[PDB]
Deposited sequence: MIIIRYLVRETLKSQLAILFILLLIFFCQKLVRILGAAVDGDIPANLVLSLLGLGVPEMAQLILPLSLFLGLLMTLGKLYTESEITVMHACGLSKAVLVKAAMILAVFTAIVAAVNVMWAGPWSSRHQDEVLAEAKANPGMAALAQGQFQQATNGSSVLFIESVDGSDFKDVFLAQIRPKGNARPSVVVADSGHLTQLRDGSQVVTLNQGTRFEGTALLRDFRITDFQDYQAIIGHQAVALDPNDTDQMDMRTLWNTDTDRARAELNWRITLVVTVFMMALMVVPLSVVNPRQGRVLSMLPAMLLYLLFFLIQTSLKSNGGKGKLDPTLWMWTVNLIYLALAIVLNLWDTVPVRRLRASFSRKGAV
């Protein structure tokens, strides 16, 4: 009952971020592609379909972000409304908050696993034909067992990041009334943003052949997963 309440309350806040953040990403997709069609190709037959076919690429970044941000909105609201303090006062641990986050990251990581194979390569096997080897945007997951810049390590880490960014927000959405409620999101929002600035500069920097994206792309995934666990098990004897 108290787990179905936390899931139903975050899901209404997660589907409201996915509509606001979709228009924010549409306008960034509209600011750019005018500038490649105002002194480039003609914006008469493509400007409404080139916008709508780059959606499963931009949904790779807003499906982990809306569950991250939707749990900061929902858990941060119940801390200020004194619903989580009185939840511990009747007696039940923070494992209810973790068992409600991972039962909700499963709902997102099976949309972000349908989007990452045969819904993502489809919109690059259709967006690059209307303009008429080493591409790695139209190959599916089985035929991505080539050599030489086969970047499936960035298509797997977009599904593991749904689980390790749902573990980090249950101890980082503790609202302190003295700091405020937006000042308390700052160690969380900077930690998610630092994760995507490292993996983007390891996918492209590892695409030239400067450092292989198996050692260094899963070291960051395991440093951040081990950070998710010490933060969640901090209430014990000193170590």
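Of the deposited sequence, the ranges 1, 134 to 246, 354 to 366 have no C-alpha coordinates according to the record.
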